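Peer 1: what's the 3D shape of this:
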Amino acid sequence: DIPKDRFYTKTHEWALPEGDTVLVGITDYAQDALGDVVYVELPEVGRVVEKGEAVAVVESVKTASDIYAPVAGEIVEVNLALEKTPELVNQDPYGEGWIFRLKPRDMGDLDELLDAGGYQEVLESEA
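Peer 2: Numbering: from 1, shown residues only. Dropping the coordinates below:
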């Protein structure tokens with residue numbers, strides 16, 4: 001399951017472009033590997049983050065996973081619903097399970113990410 005409406009990351013993350021921003025969450029593959037999610041550490045809104053910086057932690061019943069900032073920019077929103085219902089990450093990783101909204105320091109940076117095809121090659125490469 002790899003929708004082609006967003007960018008992807010080798011660290012199994014996605015960035016949904018929406019105007020001058022991008023929604024961020026983990027891939028279906030990512031939550032399958034993690035198992036039931038029980039808690040999500042969210043980054044403070046307004047922080048300026050650099051590309052690759054660990055800014056979120058998804059805690060499941062198997063391990064804790066550091067979520068990185070696909071590209072440099074600022075956190076403009078955090079998915080509060082993940083505090084009361086973390087499992088949304090499993091149920092709908094690409095939808096209601098988004099983690100944070102990030103505004104790229106520069107959109108052109110997204111063009112350095114992978115597309116549905118790039119991410120699939122990656123999953124098949126490490127199969």
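
Peer 1: spit out the contact partners of the residue nearest the centre of the chain.
Peer 2: Centroid-nearest residue in the chain: residue 25, 2.5 Å away (criterion: C-alpha atoms, centre = their mean). Counting by C-beta atoms under 8 Å, 6 or more residues apart in numbering, residue 25 touches 13-14, 16, 89, 93-94, 97-99. Using the backbone N, CA and C atoms, a C-beta is placed for each residue, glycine as well.

Peer 1: in what helix or strand does it lie?
Peer 2: Element membership for residue 25, per DSSP states H and E: strand 21-26.

Peer 1: note down every partner strand of that strand and its orientation.
Peer 2: strand 13-18 (antiparallel), strand 100-104 (antiparallel) (DSSP bridges).

Peer 1: who touches the shortest one?
Peer 2: By C-beta under 8 Å, 6+ apart, the list of residues contacting strand 100-104 from outside reads 15, 20-24, 42-43, 49, 55-56, 69-79, 110.

Peer 1: ok, back up a step: show me which pair in the contacts of residue 25 is furthest apart.
Peer 2: Using C-beta to C-beta, the contacts of residue 25 span at most 14.6 Å, a distance reached by 16 and 89.

Peer 1: which one's more surrounded, these two?
Peer 2: Set residue 16 next to residue 89 and count neighbours by other C-beta atoms under 10 Å: residue 89 wins out with 25 against 17.
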